[PDB]
Amino acid sequence: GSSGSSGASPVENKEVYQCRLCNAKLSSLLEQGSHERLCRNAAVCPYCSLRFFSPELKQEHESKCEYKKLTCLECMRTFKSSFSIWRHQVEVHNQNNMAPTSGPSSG
Ligand SMILES: [Zn+2]
Ligand SMILES: [Zn+2]
Ligand SMILES: [Zn+2]
């Protein structure tokens, strides 16, 4: 004669609503439609107009961003190239900042 006991661990896994932006499992069909609203405008670089999942991800990018330099902080006005904006900052703001190396490149 004798006796004893035992145990075990649960587990959940089934149809889940993941985000088509960061692939994050939601809590419901509603969290998906909404999570997409914030996960779309969470982090938008005012330079290249990007869209990240978190606000930090952008903060870092802005530092290594290329459009940044092409962004007239003065009047927060971005441009297509440096030569183009330069004229806007040299003719209007008249800054005449340090222009880049000239080249035969196409314009
Ligand atoms: Zn997302
Ligand atoms: Zn950017
Ligand atoms: Zn300007």
# chains A, B, ... in the order shown; residues from 1 in each chain; ligands from 1
call {"tool": "select_by_dssp", "arguments": {"residues": "chain A", "states": "strand (DSSP E or B)", "output": "PyMOL selection string"}}
result
chain A and resi 18+25+43+52+71-72+77-78
call {"tool": "residues_near_ligand", "arguments": {"ligand": "ligand 2", "cutoff": "12 Å", "atoms": "only C-alpha atoms and all ligand atoms", "output": "PyMOL selection string"}}
result
chain A and resi 43-52+57-71+78
call {"tool": "residues_near_ligand", "arguments": {"ligand": "ligand 3", "cutoff": "8 Å", "atoms": "only C-alpha atoms and all ligand atoms", "output": "PDB file with N, CA and C atoms, in the first residue's frame"}}
result
ATOM      1  N   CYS A  72      16.296  72.354 -43.434  1.00  0.00           N
ATOM      2  CA  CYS A  72      16.526  73.713 -42.960  1.00  0.00           C
ATOM      3  C   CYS A  72      15.897  73.925 -41.586  1.00  0.00           C
ATOM      4  N   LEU A  73      16.614  73.518 -40.546  1.00  0.00           N
ATOM      5  CA  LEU A  73      16.127  73.663 -39.178  1.00  0.00           C
ATOM      6  C   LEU A  73      15.543  75.053 -38.951  1.00  0.00           C
ATOM      7  N   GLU A  74      16.221  76.068 -39.480  1.00  0.00           N
ATOM      8  CA  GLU A  74      15.767  77.446 -39.337  1.00  0.00           C
ATOM      9  C   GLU A  74      14.254  77.542 -39.510  1.00  0.00           C
ATOM     10  N   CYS A  75      13.772  77.131 -40.678  1.00  0.00           N
ATOM     11  CA  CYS A  75      12.344  77.171 -40.973  1.00  0.00           C
ATOM     12  C   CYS A  75      11.783  75.761 -41.136  1.00  0.00           C
ATOM     13  N   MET A  76      12.411  74.799 -40.468  1.00  0.00           N
ATOM     14  CA  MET A  76      11.974  73.410 -40.537  1.00  0.00           C
ATOM     15  C   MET A  76      11.441  73.076 -41.927  1.00  0.00           C
ATOM     16  N   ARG A  77      12.243  73.362 -42.948  1.00  0.00           N
ATOM     17  CA  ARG A  77      11.849  73.093 -44.325  1.00  0.00           C
ATOM     18  C   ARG A  77      12.844  72.154 -45.002  1.00  0.00           C
ATOM     19  N   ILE A  85      18.543  73.362 -51.409  1.00  0.00           N
ATOM     20  CA  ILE A  85      18.285  74.042 -50.145  1.00  0.00           C
ATOM     21  C   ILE A  85      19.304  75.149 -49.899  1.00  0.00           C
ATOM     22  N   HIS A  88      18.256  78.290 -50.843  1.00  0.00           N
ATOM     23  CA  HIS A  88      17.157  78.777 -50.017  1.00  0.00           C
ATOM     24  C   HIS A  88      17.678  79.332 -48.694  1.00  0.00           C
ATOM     25  N   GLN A  89      18.818  78.816 -48.249  1.00  0.00           N
ATOM     26  CA  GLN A  89      19.420  79.259 -46.997  1.00  0.00           C
ATOM     27  C   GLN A  89      20.474  80.332 -47.250  1.00  0.00           C
ATOM     28  N   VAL A  92      17.876  83.423 -48.870  1.00  0.00           N
ATOM     29  CA  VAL A  92      16.934  83.899 -47.864  1.00  0.00           C
ATOM     30  C   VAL A  92      17.623  84.108 -46.520  1.00  0.00           C
ATOM     31  N   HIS A  93      18.064  83.012 -45.911  1.00  0.00           N
ATOM     32  CA  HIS A  93      18.742  83.075 -44.621  1.00  0.00           C
ATOM     33  C   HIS A  93      20.161  83.613 -44.779  1.00  0.00           C
TER      34      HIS A  93
END
call {"tool": "residues_around", "arguments": {"residues": "residue 98 (chain A)", "least_positions_apart": "2", "cutoff": "12 Å", "atoms": "only C-alpha atoms", "output": "ChimeraX atom specification"}}
result
/A:69,82-83,86,89-90,95-96,100-102
call {"tool": "write_last_selection", "arguments": {"atoms": "C-alpha atoms", "output": "PDB file, in the first residue's frame"}}
result
ATOM      1  CA  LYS A  69      21.380  67.643 -43.176  1.00  0.00           C
ATOM      2  CA  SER A  82      21.771  70.086 -50.548  1.00  0.00           C
ATOM      3  CA  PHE A  83      22.496  72.364 -53.507  1.00  0.00           C
ATOM      4  CA  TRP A  86      21.640  75.824 -49.978  1.00  0.00           C
ATOM      5  CA  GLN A  89      19.420  79.259 -46.997  1.00  0.00           C
ATOM      6  CA  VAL A  90      21.903  81.442 -48.877  1.00  0.00           C
ATOM      7  CA  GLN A  95      23.966  81.405 -44.118  1.00  0.00           C
ATOM      8  CA  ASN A  96      26.420  80.209 -46.768  1.00  0.00           C
ATOM      9  CA  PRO A 100      29.985  69.863 -49.708  1.00  0.00           C
ATOM     10  CA  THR A 101      32.564  68.753 -52.274  1.00  0.00           C
ATOM     11  CA  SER A 102      31.534  69.784 -55.787  1.00  0.00           C
TER      12      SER A 102
END
call {"tool": "closest_atom_pairs", "arguments": {"of": "chain A", "to": "ligand 1", "cutoff": "8 Å", "atoms": "only C-alpha atoms and all ligand atoms", "output": "JSON lines"}}
result
{"residue": "A:18", "atom": "CA", "partner": "ligand 1", "partner_atom_place_in_ligand_line": "1 (Zn)", "distance": 7.9}
{"residue": "A:19", "atom": "CA", "partner": "ligand 1", "partner_atom_place_in_ligand_line": "1 (Zn)", "distance": 4.7}
{"residue": "A:20", "atom": "CA", "partner": "ligand 1", "partner_atom_place_in_ligand_line": "1 (Zn)", "distance": 6.4}
{"residue": "A:21", "atom": "CA", "partner": "ligand 1", "partner_atom_place_in_ligand_line": "1 (Zn)", "distance": 4.4}
{"residue": "A:22", "atom": "CA", "partner": "ligand 1", "partner_atom_place_in_ligand_line": "1 (Zn)", "distance": 4.1}
{"residue": "A:23", "atom": "CA", "partner": "ligand 1", "partner_atom_place_in_ligand_line": "1 (Zn)", "distance": 6.1}
{"residue": "A:24", "atom": "CA", "partner": "ligand 1", "partner_atom_place_in_ligand_line": "1 (Zn)", "distance": 5.9}
{"residue": "A:35", "atom": "CA", "partner": "ligand 1", "partner_atom_place_in_ligand_line": "1 (Zn)", "distance": 6.1}
{"residue": "A:36", "atom": "CA", "partner": "ligand 1", "partner_atom_place_in_ligand_line": "1 (Zn)", "distance": 5.8}
{"residue": "A:38", "atom": "CA", "partner": "ligand 1", "partner_atom_place_in_ligand_line": "1 (Zn)", "distance": 7.9}
{"residue": "A:39", "atom": "CA", "partner": "ligand 1", "partner_atom_place_in_ligand_line": "1 (Zn)", "distance": 4.7}
{"residue": "A:40", "atom": "CA", "partner": "ligand 1", "partner_atom_place_in_ligand_line": "1 (Zn)", "distance": 7.5}
{"residue": "A:53", "atom": "CA", "partner": "ligand 1", "partner_atom_place_in_ligand_line": "1 (Zn)", "distance": 6.1}
call {"tool": "select_by_dssp", "arguments": {"residues": "chain A", "states": "helix (DSSP H, G or I)", "output": "tab-separated table (two decimals) with N, CA, C and O atoms, in the first residue's frame"}}
result
chain	number	residue	atom	x	y	z
A	29	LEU	N	-9.16	41.33	-31.58
A	29	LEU	CA	-9.33	41.89	-32.92
A	29	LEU	C	-9.36	43.41	-32.88
A	29	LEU	O	-9.04	44.08	-33.86
A	30	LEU	N	-9.73	43.96	-31.73
A	30	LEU	CA	-9.81	45.41	-31.55
A	30	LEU	C	-8.41	46.00	-31.37
A	30	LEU	O	-8.08	47.03	-31.96
A	31	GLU	N	-7.60	45.34	-30.55
A	31	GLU	CA	-6.24	45.81	-30.29
A	31	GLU	C	-5.42	45.85	-31.58
A	31	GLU	O	-4.43	46.57	-31.67
A	32	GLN	N	-5.85	45.06	-32.57
A	32	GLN	CA	-5.16	45.01	-33.85
A	32	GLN	C	-5.46	46.25	-34.69
A	32	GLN	O	-4.56	46.87	-35.25
A	33	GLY	N	-6.75	46.59	-34.77
A	33	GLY	CA	-7.15	47.75	-35.55
A	33	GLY	C	-6.64	49.05	-34.96
A	33	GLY	O	-6.36	50.00	-35.68
A	34	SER	N	-6.53	49.09	-33.63
A	34	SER	CA	-6.05	50.28	-32.94
A	34	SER	C	-4.53	50.31	-32.89
A	34	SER	O	-3.91	51.33	-33.20
A	35	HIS	N	-3.94	49.19	-32.49
A	35	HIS	CA	-2.48	49.09	-32.40
A	35	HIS	C	-1.82	49.51	-33.71
A	35	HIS	O	-0.64	49.84	-33.74
A	36	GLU	N	-2.60	49.49	-34.79
A	36	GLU	CA	-2.09	49.86	-36.10
A	36	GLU	C	-2.07	51.38	-36.26
A	36	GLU	O	-1.29	51.92	-37.05
A	37	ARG	N	-2.93	52.06	-35.52
A	37	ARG	CA	-3.02	53.51	-35.58
A	37	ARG	C	-1.81	54.16	-34.91
A	37	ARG	O	-1.24	55.12	-35.42
A	38	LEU	N	-1.43	53.62	-33.75
A	38	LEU	CA	-0.29	54.15	-33.01
A	38	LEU	C	1.02	53.57	-33.54
A	38	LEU	O	2.05	54.24	-33.53
A	39	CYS	N	0.97	52.33	-34.01
A	39	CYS	CA	2.15	51.67	-34.54
A	39	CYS	C	2.47	52.18	-35.95
A	39	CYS	O	3.35	51.65	-36.62
A	40	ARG	N	1.74	53.21	-36.37
A	40	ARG	CA	1.95	53.79	-37.70
A	40	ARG	C	2.45	55.22	-37.59
A	40	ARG	O	3.14	55.72	-38.48
A	41	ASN	N	2.11	55.88	-36.48
A	41	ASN	CA	2.52	57.26	-36.26
A	41	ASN	C	3.31	57.39	-34.96
A	41	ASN	O	3.55	58.49	-34.47
A	55	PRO	N	9.17	55.14	-30.49
A	55	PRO	CA	9.68	56.51	-30.59
A	55	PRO	C	11.19	56.58	-30.46
A	55	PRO	O	11.83	57.48	-30.99
A	56	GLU	N	11.76	55.62	-29.74
A	56	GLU	CA	13.21	55.57	-29.54
A	56	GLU	C	13.93	55.19	-30.83
A	56	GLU	O	14.94	55.80	-31.19
A	57	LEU	N	13.40	54.19	-31.53
A	57	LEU	CA	13.99	53.74	-32.78
A	57	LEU	C	14.26	54.92	-33.72
A	57	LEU	O	15.30	54.97	-34.37
A	58	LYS	N	13.31	55.85	-33.77
A	58	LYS	CA	13.45	57.03	-34.62
A	58	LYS	C	14.49	57.99	-34.06
A	58	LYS	O	15.35	58.49	-34.79
A	59	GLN	N	14.42	58.23	-32.75
A	59	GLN	CA	15.36	59.13	-32.09
A	59	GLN	C	16.79	58.82	-32.50
A	59	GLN	O	17.58	59.72	-32.77
A	60	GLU	N	17.12	57.53	-32.54
A	60	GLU	CA	18.46	57.10	-32.92
A	60	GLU	C	18.72	57.35	-34.40
A	60	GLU	O	19.77	57.87	-34.78
A	61	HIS	N	17.76	56.98	-35.24
A	61	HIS	CA	17.88	57.17	-36.68
A	61	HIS	C	18.13	58.64	-37.02
A	61	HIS	O	19.04	58.96	-37.77
A	62	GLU	N	17.30	59.52	-36.45
A	62	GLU	CA	17.43	60.95	-36.70
A	62	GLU	C	18.89	61.38	-36.62
A	62	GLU	O	19.31	62.32	-37.30
A	63	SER	N	19.67	60.69	-35.78
A	63	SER	CA	21.08	61.01	-35.61
A	63	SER	C	21.89	60.57	-36.82
A	63	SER	O	22.78	61.29	-37.28
A	64	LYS	N	21.57	59.39	-37.34
A	64	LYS	CA	22.26	58.85	-38.51
A	64	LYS	C	21.46	59.09	-39.78
A	64	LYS	O	21.76	58.53	-40.83
A	68	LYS	N	18.31	64.69	-42.60
A	68	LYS	CA	18.54	65.70	-41.56
A	68	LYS	C	19.33	66.88	-42.11
A	68	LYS	O	18.86	68.02	-42.09
A	69	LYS	N	20.53	66.60	-42.61
A	69	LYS	CA	21.38	67.64	-43.18
A	69	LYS	C	20.63	68.45	-44.23
A	69	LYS	O	20.87	69.65	-44.40
A	70	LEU	N	19.72	67.79	-44.94
A	70	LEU	CA	18.93	68.45	-45.97
A	70	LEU	C	17.65	69.04	-45.39
A	70	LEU	O	16.64	69.18	-46.09
A	73	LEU	N	16.61	73.52	-40.55
A	73	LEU	CA	16.13	73.66	-39.18
A	73	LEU	C	15.54	75.05	-38.95
A	73	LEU	O	14.50	75.20	-38.31
A	74	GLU	N	16.22	76.07	-39.48
A	74	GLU	CA	15.77	77.45	-39.34
A	74	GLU	C	14.25	77.54	-39.51
A	74	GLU	O	13.54	77.98	-38.61
A	75	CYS	N	13.77	77.13	-40.68
A	75	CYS	CA	12.34	77.17	-40.97
A	75	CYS	C	11.78	75.76	-41.14
A	75	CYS	O	10.80	75.55	-41.85
A	82	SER	N	21.08	69.07	-51.33
A	82	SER	CA	21.77	70.09	-50.55
A	82	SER	C	21.94	71.37	-51.36
A	82	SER	O	21.75	72.47	-50.84
A	83	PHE	N	22.30	71.22	-52.63
A	83	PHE	CA	22.50	72.36	-53.51
A	83	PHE	C	21.22	73.19	-53.62
A	83	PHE	O	21.26	74.42	-53.62
A	84	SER	N	20.08	72.51	-53.70
A	84	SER	CA	18.79	73.18	-53.81
A	84	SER	C	18.50	74.01	-52.57
A	84	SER	O	18.25	75.21	-52.66
A	85	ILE	N	18.54	73.36	-51.41
A	85	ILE	CA	18.29	74.04	-50.14
A	85	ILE	C	19.30	75.15	-49.90
A	85	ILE	O	18.95	76.25	-49.48
A	86	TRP	N	20.57	74.85	-50.17
A	86	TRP	CA	21.64	75.82	-49.98
A	86	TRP	C	21.23	77.20	-50.49
A	86	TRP	O	21.43	78.21	-49.82
A	87	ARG	N	20.64	77.23	-51.68
A	87	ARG	CA	20.20	78.48	-52.28
A	87	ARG	C	19.09	79.12	-51.45
A	87	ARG	O	19.00	80.35	-51.36
A	88	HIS	N	18.26	78.29	-50.84
A	88	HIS	CA	17.16	78.78	-50.02
A	88	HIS	C	17.68	79.33	-48.69
A	88	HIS	O	17.06	80.21	-48.09
A	89	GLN	N	18.82	78.82	-48.25
A	89	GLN	CA	19.42	79.26	-47.00
A	89	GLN	C	20.47	80.33	-47.25
A	89	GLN	O	20.89	81.03	-46.33
A	90	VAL	N	20.90	80.45	-48.50
A	90	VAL	CA	21.90	81.44	-48.88
A	90	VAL	C	21.25	82.69	-49.46
A	90	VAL	O	21.77	83.80	-49.30
A	91	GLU	N	20.12	82.51	-50.14
A	91	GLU	CA	19.40	83.62	-50.74
A	91	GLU	C	18.44	84.25	-49.75
A	91	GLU	O	18.20	85.46	-49.77
call {"tool": "atom_distance", "arguments": {"atom1": "CA of residue 28 (chain A)", "atom2": "CA of residue 10 (chain A)"}}
result
21.0 Å
